[PDB]
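Shown below, as structure tokens, is a lone chain in the form deposited in one PDB entry; questions about how it binds or moves come after it.
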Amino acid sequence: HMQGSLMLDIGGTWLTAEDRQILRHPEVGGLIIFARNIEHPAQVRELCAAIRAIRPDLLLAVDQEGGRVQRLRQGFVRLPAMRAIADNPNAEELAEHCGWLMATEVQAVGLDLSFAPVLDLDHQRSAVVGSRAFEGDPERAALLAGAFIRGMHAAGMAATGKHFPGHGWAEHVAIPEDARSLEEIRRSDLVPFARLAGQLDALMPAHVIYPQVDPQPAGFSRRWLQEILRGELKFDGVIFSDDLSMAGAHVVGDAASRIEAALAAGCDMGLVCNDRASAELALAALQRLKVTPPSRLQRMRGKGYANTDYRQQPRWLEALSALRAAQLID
């Protein structure tokens, strides 16, 4: 008897026979979509509606930030990279309009959540963060990200920060490492997570090892999650996990043990993406563990609804005009 949940994905654009069957299990708590699942706004809207007909309580998420990481394209406005938002005097509200406009549009197609914003610091070396972050100096990036979260919450969408405790300095031979003292990490990459700890609804851990703190990745470290995230930072939200079926991950064992290690470390929901066979393995482990969904998991449901006329409300006009006034909307 413990707590935990599973977030998986599908293959095509509509639900297959086994997709409907595997979704009916209560241990499955979420579903995340990628480019292979998206075609049109009216299509992804019906895709969510098809899922709610099966599980009205399921969590539907997607990777929708600004810049190169935007899965919703064919019918959606192209949002600029969050680094481009910083280079403006009115950048605080400019990021606030960006969070509101991103959440309202992805909620208009039936989705609950977007894994945004990135809280990583744009130092020189990490390439996977790059333009996805705001700036390199810490305290300003946390100010701009907090404004981005204000816009998301204004649209009724919960925000999830990525990637705890920091992916900006961690540079396929092994999983990247960040060999810096905890006192040195807290002075740099950790403070954006500290400032926004009480504001964020959820967090995703980085697939990074910090040797002077814990010998494991953050997504499995009881010390990173239970000792300093919940105790020191006083984060009372949802702890997602890294991709437990990550391509090229250096975690020996099957998905059944990867999800058990994450739940024991403090994670509430486990992600298995682009690997169906691993989703059944982790589902089978959660069933034999007899887990129930954590009470925090419902705070992630999007307070918006699938709306065809979301372009009618006034703020959509003011936000759209304010963003292209700074040359951000194409």
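When you see a residue number, it is the position in the sequence shown, counting from 1. Take the two forms, superpose them, and find the largest set of C-alpha atoms that agree within 1.5 Å; that set is the rigid core.
One more form of this protein exists, namely the form deposited in another entry; it is left out here, but the text below deals with it.
Undergrad: Relative to the superposed core, which single residue of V238, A108, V251, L190 shows a CA shift of 2 Å or more between the shown form and the other one?
TA: With the rigid core fitted, the residue that moves is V251.
Undergrad: Superposing on the rigid core, is the CA of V118 displaced by 2 Å or more between the shown form and the other one?
TA: Where the cores coincide, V118 still shows a C-alpha shift between the shown form and the other one that is 2 Å or more.
Undergrad: Is the shift of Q70 between the shown form and the other one large enough to count as movement, that is, does its C-alpha move by 2 Å or more after the core is superposed?
TA: Yes, because once the rigid core is superposed, the C-alpha of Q70 moves 2 Å or more between the shown form and the other one.
Undergrad: Does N88 count as moved between the shown form and the other one, where moved means a C-alpha shift of 2 angstroms or more after fitting the rigid core?
TA: Yes: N88 shifts by at least 2 Å between the shown form and the other one.
Undergrad: Relative to the form shown here, do the C-alpha atoms of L119 and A155 sit closer together or farther apart in the other form, given a change of 3 Å or more?
TA: Distance between the C-alphas of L119 and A155: shorter in the other form, by 3 Å or more.
Undergrad: Tell me whether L281 and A247 end up closer or farther apart in the other form, going by their C-alpha atoms; the shift is 3 Å or more.
TA: The answer is closer, because the C-alphas of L281 and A247 approach each other in the other form by 3 Å or more.
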